[PDB]
């Protein structure tokens, strides 16, 4: 016999796929269809268009390269994160994106918000949100931070998106104005950080003051002061608040309850109280009124609103 053509062994990238349930690991292996399926089932990704750059970019860092014999096609290397104990069967791809990287980029988002560039802020924010399911976290608390990081992103995305619309609506009708005040007050309930929470409270205060809805304005004034704004703002706020006390009454009844638990409709920008029916993005936690079930989330831009899912998977720990 002597010469027998040898049969292919299993490729390193295939090994990675057979070894992980983590999306990024499959993207790193070039297994897009497999990666997309994982993202579709764990979280509810359905519109993968805005995930193109993440995939290609992630994929481009998957394998190193080096030459063997001159003139022949070069060799590819497949660095493993567990290179020490990875046999020729237990390898899993090196990690090229970490939680800290995402948390760090959050600051540019915070900056952009403060200086009023809401549109760019939403991009950076969305960019981080979509990147969380591409992590490979180590411990259980690191998994909580990832979930909390996603939460921050949607909170600001629907909050800022709502605001940019309110600024677009017309301000002629009394109705048109009651609508603006309402939206402005809804922002008041977003969980941003103090420096921003203050900026939106400051805004709502003015709107409600002009709408001669002084009783509700006084409450906004008190919540703002407790946040400890800069001196000038605090002073202005005390001034408006004493004005409001001369006539502690709201002219018009608005569709807003400051004491009844909300959930902003990320599409219509209207309140969905305590136990009312709501449809939520399986990934961002974004909320929508039942009408929108089955539609592509406006916050995530790639997710399906009604979709039932396994849940975010970014750590082997999550597979007991």
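Positions refer to the first chain, counted from 1.
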query: Greater mean Cα temperature factor according to the PDB record, 185-193 or 168-176; finding: 168-176
query: Of 100-108 and 113-121, the one with larger mean CA B-factor; finding: 113-121
query: Which of 67, 53, 31, 253 ranks first by CA B-factor in the deposited coordinates; finding: 253
query: Top residue by Cα temperature factor, when 74, 82, 236, 247 are compared in the entry; finding: 247
query: B-factor third for the C-alpha atom of residue 276 within its chain; finding: highest
query: Ranked C-alpha temperature factor of residue 23 among modelled chain residues, by third; finding: lowest
query: Position of residue 311 among the chain's modelled residues by C-alpha B-factor, lowest, middle or highest third; finding: middle
query: Entry-reported Cα temperature factor of residue 62, expressed as the chain third it lands in; finding: lowest
query: Residue 220 CA temperature factor, ranked by third within the chain; finding: middle
